[PDB]
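Hydrogens, waters and symmetry mates play no part in the numbers below; they use all other heavy atoms, side chains included. Chain letters run A, B, ... following the sequence lines, proteins first and then strands; every chain starts at 1.
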2 protein chains.
Amino acid sequence: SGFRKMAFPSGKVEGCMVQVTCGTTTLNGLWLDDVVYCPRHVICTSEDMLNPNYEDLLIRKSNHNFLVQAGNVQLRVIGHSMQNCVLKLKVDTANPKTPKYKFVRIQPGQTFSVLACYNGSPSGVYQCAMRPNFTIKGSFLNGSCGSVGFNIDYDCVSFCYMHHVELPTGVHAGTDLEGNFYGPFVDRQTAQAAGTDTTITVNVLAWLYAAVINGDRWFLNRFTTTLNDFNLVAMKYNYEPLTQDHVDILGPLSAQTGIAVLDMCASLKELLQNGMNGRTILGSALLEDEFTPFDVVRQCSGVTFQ
Amino acid sequence: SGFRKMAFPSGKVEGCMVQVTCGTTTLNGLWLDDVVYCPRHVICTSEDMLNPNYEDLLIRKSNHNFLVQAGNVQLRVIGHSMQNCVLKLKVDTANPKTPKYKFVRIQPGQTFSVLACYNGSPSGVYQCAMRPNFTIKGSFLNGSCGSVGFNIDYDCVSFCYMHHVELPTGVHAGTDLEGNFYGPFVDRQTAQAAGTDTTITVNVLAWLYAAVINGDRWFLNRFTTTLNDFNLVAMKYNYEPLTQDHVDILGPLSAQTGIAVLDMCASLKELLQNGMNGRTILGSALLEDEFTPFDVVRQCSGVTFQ
């Protein structure tokens, strides 16, 4: 029993974390096969980040201006390219620690494990979620740029995030492994507005299912509600609208607990209108939205990986 | 910026997770050098766990009754011994993935990363703390026994915990890597009472320092208090007594933030007497006590590891 915010084992990802230095800027890179992926702002100075012409700044650079270090081993760069906002450095050595991997662009609300790195050295690992406004609430200091988020199916590491920018509001933004930013953000030191952030409603419901499984059942009423009546409560409290697709993915949790999805929505509706009255759910006084329905099923059944 | 419950990179520990099978019981083992460490209740059936004579049950077993599997490789057992509550299986092959390691018995209040495993396969990683009553609030299903907790200095993995028993209350208990249980618990399926659990006061204060560093400063008053006056508030709300040693380890945090330790204690005293009034601190509506002063310094400075 017990429920914890759990991150995937980071071993398969640590073996791909290298250090990329271009001039004075040093950040982290993802070494897969014979290609190193890193944020393209490694080619920028501090003044450049105000308004950088990345095409021009990349032209001034050659292959030998990029220093890639895998621990203590230097990697000779034999080619460089810019795909959107990431830099693709072709090296002469294929990474022997390369795991099975894909490049996946996740959707808002999905979760992934983040391996925070500095100077190509792994520092820590934590689980976070892609907010509906395409930001993430992570822990990123200077030098963490190039840290990657990922999911592990079993033997396959689905890389889905690379950190690029910390917004002036303290939240973070980045791209997928093809350089395409999540959301309207850009890799430039300017005032960037993140939209209104809502709560991932389907994640809150799955977390409530995890609580019933683990003994916390005080929030269970026998009130029920319709999908439209609940979404009327969801819009008032800045919750994402619940669709039939969300009900379908909560199916197995509803079958294991024997609690209908709409019955749990009425419990959440009462939680939103009345609060928690000082009580706790799974050791939390707030409504958690960083557990997808898939995350709850994994932890409540013991799904392992390589 | 940003503050997250961060776990150490688990790569160095994944390479030591093997599967130990004795009869019908299968659990996880820690393969270091040419010795595999696992809970001694691998030799017990389900009926045995009610009241097991471990010396007798071990005598019925021989070296060939223990099946150790490192992924797909079988490890021939050439010797077995019982040290307290752990089983030491000597194998013919030294683990090539053995990192630099020590065996350390942590104190209550300290934190460590837990690598939850099943059938010798790593499943997830999360950070937890040794409660003052020597329990831990983890996520452990059937088969997770043998999962280890650890800390990483830089290249050295300080193994400090092995999971053995889930108490009937849902909390978990285990031993160090020498088989000595943390607390008064035993590896037997019986009614085991865990003492009253208190809040790690020094951890709450360091977490409040992390909040001031990250912008959350609404709880800052200019009230002050004495060490004895605060401990009078601590005893009422089931908090651990604060000592001068606790003030000394919070020194660097007090120097970085410029906030005296006793000034922060008065802020916590107001938080205990008045609550949080619906506000949040670092995204939490409760007072977090699973961040040691060392954990805050690491995350607020970027300490990396191998």
Item to complete: Go through A:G15, A:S301, A:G71, A:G2 and name the one with the most non-hydrogen pairs under 4.5 angstrom from chain B.
Response: A:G2
Item to complete: Determine whether the side chains of A:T201 and A:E240 contain a donor N or O and an acceptor N or O closer than 3.5 Å.
Response: no
Discussion item. Would you compute the distance between atom OG of B:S139 and atom CG of B:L141 and round it to the nearest 0.5 angstrom?
Written reply: 5.5 Å
Worksheet item: What option among B:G215, B:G124, B:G170 has the most heavy-atom pairs under 4.5 Å with chain A?
Response: B:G124
Item to complete: Go through B:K5 and A:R4 one step at a time and tell me if the side-chain contact (heavy atoms from CB on, under 4.5 Å) criterion holds.
Response: CA-CA 11 Å; B:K5 185 109 71 176; A:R4 276 273 178 183; 4.2 Å; yes
Discussion item. Under a plain distance cut-off of 3.5 Å, with no hydrogens placed, do B:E166 and A:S1 share a side-chain donor-acceptor pair?
Written reply: yes
Fill in: Contacting region of B:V125 [heavy-atom separation from chain A under 4.5 Å]
both
Discussion item. Less than 4.5 Å to any heavy atom of chain A: does that hold for the side chain of B:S284, its backbone, both, or neither?
Written reply: backbone
Worksheet item: Does the pair A:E14 and A:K97 meet the rule for a salt bridge (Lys or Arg N to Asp or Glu O under 4.0 Å), with working shown?
Response: CA-CA 9 Å; A:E14 295 164 42; A:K97 295 135 297 153; over 6 Å; no
Discussion item. B:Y101: which residues meet the side chain to side chain donor-acceptor pair (under 3.5 Å) condition with it, sequence neighbours left out?
Written reply: B:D33
Worksheet entry | chain A-proximal positions within residues 126-137 of chain B [heavy-atom distance under 4.5 Å] | B:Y126, B:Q127, B:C128, B:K137
Worksheet entry | Part of B:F3 within contact of chain A (heavy atom distance under 4.5 Å) | backbone
Worksheet item: Which of these passes ring-ring contact (aromatic ring centres under 6.0 Å, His included) with B:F305: B:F150, B:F8, B:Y154?
Response: B:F8
Worksheet, complete the sentence: Which of A:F185, A:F140, A:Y182 passes ring-ring contact (aromatic ring centres under 6.0 Å, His included) with A:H172? Answer is A:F140
